[PDB]
Each structure stands twice: as C-alpha cells, then as structure tokens.
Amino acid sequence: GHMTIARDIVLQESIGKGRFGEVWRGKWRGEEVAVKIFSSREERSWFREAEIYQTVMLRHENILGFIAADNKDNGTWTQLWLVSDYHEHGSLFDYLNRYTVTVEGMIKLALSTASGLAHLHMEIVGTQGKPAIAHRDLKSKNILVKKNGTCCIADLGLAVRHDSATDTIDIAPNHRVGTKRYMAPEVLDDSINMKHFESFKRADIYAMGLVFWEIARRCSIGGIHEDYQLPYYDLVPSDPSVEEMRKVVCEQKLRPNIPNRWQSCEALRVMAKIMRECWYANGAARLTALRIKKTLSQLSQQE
C-alpha cells in the first residue's frame, strides 16, 4: 500500500537509544526514517508512546513527525516499532556539543523549542480536539535538530494528557519519573501536586529554561562563547541522584550561572531573563511556553 509499514523498512545503522527502546536509522522506499525498537516485554512503554503520538491534532513543525507504530516478527521473536522522520543532526545535545551557533541560530533553536512546547501544552477546543499534554522529561537529549536549524520535541513516552472539563489526567503518574538533572524543584522535594495538570506544564518550563541555558552557552559573538556543558555540571556528579540534585536546587537554591558577557547582547539579555523566569522554585511564578514563544517571536522579528 501507500502507508509506511515495518515490513517495508530496512535497518542500516544503530543511532542510539530512547528512555526505553533502541534507535536505528532505516530506509523506506529510498527515504531515511528513524526507528525505535522495543522488545515484547516493553509493550506498555511502546503502546503508551504510540498512544501519545496518535493524539488528534498533535502534528506540528516543532514536534517529531510520527509515521507509524507497528510490529515486526522475524520468525523467532516480535519487535515493537515506532517509526518517525529522520533528522541527520540528531539531538540538540549532540548539535550543541559539535557546534557553536550565531545569535540568529540561538533564537531559531530557542523559539522552535518554545513553539513545540506551547503546542504540546495547548488544548485545541473543537470537533477534532487536542488535549493539553505535558512532556515530563524535557532535556537537550530528546530535542532533535532539523536540517533547517529548528528543533522538534521527541521521546513522548512519559507524557500526560489532560481532560479539561474534569481537570483529570489520563494516567496515574508515578513520582520522579524523568531525568534527575532536569527535575523541577517541586519534583525533587516531592511537593508537586500531581492531581493538578498545571503542575506538570510548570515543571516542563523549568526544564526548558535549563535547555535555553545550554543553547546560550554556545552562542558565539565575535568568536566569544562558552564550552558545552549540561546544567549543574559545576555542582553535581555525572548521573546525579535525586538527593544530590535536591541539596543544590531546593536547599542551597542554586541555578546554572548566567555569565557577565550575556548582559552585553540584547538577544542574550532576553534569553537570560527568560531563564530566570523559568527557574523560580514555585511553578505558579514561572512564564508559560506561550509567553516565551511570544517574547522570542518579537526578538526573531526585530533580529
């Protein structure tokens, strides 16, 4: 037929891993696609991610383009597949390690990330309605960079969907599910009210603020830039525990350092102010993704 299906895809190269599942580059009718493969015992993880990607009206330029969920039986065992668009640059983490960006490049990455998150967060009311969705594991490793230098959000397996008429969530969430380094203060200290969907949106904004800091460090002006680092590289070990993160983020109340050279550029001043306003301990005080999108759109227009 015309639809993309697993039996018509040939795996070519191992390209990493997801939270669950192993990622490959494959070919479908001459075109490159990305394939995330799960085992039969990981069906719940694969199914939940397939479910989120199939949400009505989810598609957006800054959300990874989902192609299919399928099974492939090789004659011995069955693999569970998720197929998506393939992006040669890979993650924002990979891109920022390999390259420095211009002021224009930085705004393009930050604006596209905020636009993808605002689309995920936004409820679309109508006949073909879209529920609001919170990611719960946003980080530079699961944001991908397209050939045009814009981002798209990926790895939606941990997402939660809201039913606005009842103020209920489609799953019963576990505590502290995501990447420890990017956990919001209220997630680290377990004070987050998980009965309020808005708490999850607010936790995603804190993580997006950390990602903006990673991008801004790589913004080169007159050959001046910082080296690549993960947020809190100066305060916690690699692979930090919840306790290590909590002591820094909740108790000492530290955030990634904003360098002095970011006050000398309008674009870096705007970005630094956005970061601070994503990093309050209280989620209710943070900026929304839609407000950040408006601010960077005004900045992109001017620059």
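One-based numbering along the sequence shown.
- As recorded in the PDB entry, 219-227 is the stretch of 219-227 and 81-89 with the greater mean C-alpha temperature factor.
- Look at the mean CA B-factor for 274-282 and for 55-63 in the entry; the higher one is 274-282.
- Note on the listed residues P185, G157, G105, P131: the highest Cα temperature factor in the record is that of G105.
- Across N257, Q263, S45, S40, the entry's maximum B-factor at the CA atom is seen for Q263.
- Ranked within its chain, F200 lands in the middle third, by CA B factor from the PDB record.
- Sort the modelled residues of the chain by CA B factor and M122 lands in the highest third.
- Remark: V236 belongs to the middle third of its chain, ranked by C-alpha B-factor as recorded.
- Sort the modelled residues of the chain by CA B factor and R269 lands in the highest third.
- In the deposited entry, the Cα temperature factor of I171 places it in the highest third of its chain's modelled residues.
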